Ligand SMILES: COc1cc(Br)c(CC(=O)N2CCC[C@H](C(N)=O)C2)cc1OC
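Just the one chain here, the form solved without the named molecule, laid out as structure tokens.
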């Protein structure tokens, strides 16, 4: 589990969005596994605006933050998980590391701020849904 809290936006994995998220929906995209809802209180996170390929992510199933190198966001085939069938996911970055389903929502961060959230795992990789292209998260 986990979210990004930037201004009055909550960014969550679409597959973990709650009824309150859907009832307060700003934007969602199944192909990216992202959903954005509105918040009362302003959030503590800053979104990265950059093309970094190194950062640190939180792994809840290890209670650990790991430094990783990761691929640039792209359209990738993802094998079946507990929460999605085998399918193509867009805006996905991969790193070598540990990721189980419950790790979804952990933040990947670089020197510029939050890059994305854990969205995929299995076969010794961790996949992250990028948010750095969502420039509208920083305004209105």
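Numbering follows the first chain given and starts at 1. Take the two forms, find the largest set of C-alpha atoms that superpose within 1.5 Å, and that set is the rigid core.
FYI, the form solved in complex with the named molecule isn't displayed, but the following is about it.
Classification of the binding site as blocked follows from the superposed pose of the named molecule in the deposited complex: three or more of its atoms fall inside 2.4 Å of backbone or C-beta atoms here.
The closest heavy atom approach of residue 101 to the named molecule in the deposited complex falls within 4.5 Å. None of the heavy atoms of residue 49 is located within 4.5 Å of the named molecule in the deposited complex. Residues are counted as partner-facing when one of their heavy atoms sits within 4.5 Å of the named molecule in the deposited complex; in 111 to 133 these are 119, 120, 121, 122, 123, in sequence order.
The one residue among 50, 75, 96, 80 whose Cα position changes by 2 Å or more between this form and the one not shown, with the core held fixed by superposition, is 80.
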